[PDB]
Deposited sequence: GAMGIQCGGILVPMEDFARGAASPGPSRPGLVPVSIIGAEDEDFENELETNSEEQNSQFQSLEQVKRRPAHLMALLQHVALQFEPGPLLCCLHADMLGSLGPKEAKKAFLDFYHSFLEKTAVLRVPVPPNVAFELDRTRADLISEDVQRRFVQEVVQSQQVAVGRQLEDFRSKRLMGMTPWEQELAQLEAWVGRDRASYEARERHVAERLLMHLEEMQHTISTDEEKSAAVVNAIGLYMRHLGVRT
């Protein structure tokens, strides 16, 4: 109620993973965010798992399961002991807590305007229509720019040239599955 002296100056001024895994542009912002802030393995792990649903299981294994992969993630003891749908399903299950925090942090920062490409996501989230097909095309085109941007300025992801490249290839692979390429 009480008037602010700088109120007129500023007048005109991701709930769950399942909700963002099909929206390329929004996922790129999260992906970008997680890559610069936390451990990229958990999230890349869940996105690739969901992509699995046979040869795309050896990839997943050498990238996330095997104790030596550049993108190793914590595996339940039981799984790491031993169906193929059971492990993947379980492996994912043990990433929830870690992916839950990353998501939460991303949602907080976004409210703070601290997450990447809010501008593009605003312009995108703005446009209206009932033409799903053409709306998705808009999402992809933006995602391309963002993905293109992630690939470029990414040497900052990690020192490990192999790590940062395992990250980029992991995101491209997944982006490719949603029709997004650079």
property: Ranges missing from the model, given as deposited sequence positions; result: 1-34, 48-58, 99-105, 135-146
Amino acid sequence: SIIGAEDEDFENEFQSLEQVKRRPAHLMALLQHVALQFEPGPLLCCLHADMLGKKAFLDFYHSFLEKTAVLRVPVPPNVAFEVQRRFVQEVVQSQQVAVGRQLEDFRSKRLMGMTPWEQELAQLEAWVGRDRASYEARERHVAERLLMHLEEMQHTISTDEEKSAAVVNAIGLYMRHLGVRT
From here on, numbers count along this sequence of modelled residues.
property	result
Mean temperature factor over C-alpha atoms, higher-scoring stretch between 169-177 and 155-163	155-163
Mean temperature factor over C-alpha atoms, higher-scoring stretch between 132-140 and 61-69	61-69
Out of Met112, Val97, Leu103, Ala80, residue topping the C-alpha B-factor column of the entry	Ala80
Entry-reported Cα temperature factor of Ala49, expressed as the chain third it lands in	middle
Ranked C-alpha temperature factor of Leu31 among modelled chain residues, by third	lowest
Where the record places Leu150 (Cα B-factor, split into thirds across the chain)	middle
CA B-factor ranking of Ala126, expressed as a third of its chain	highest
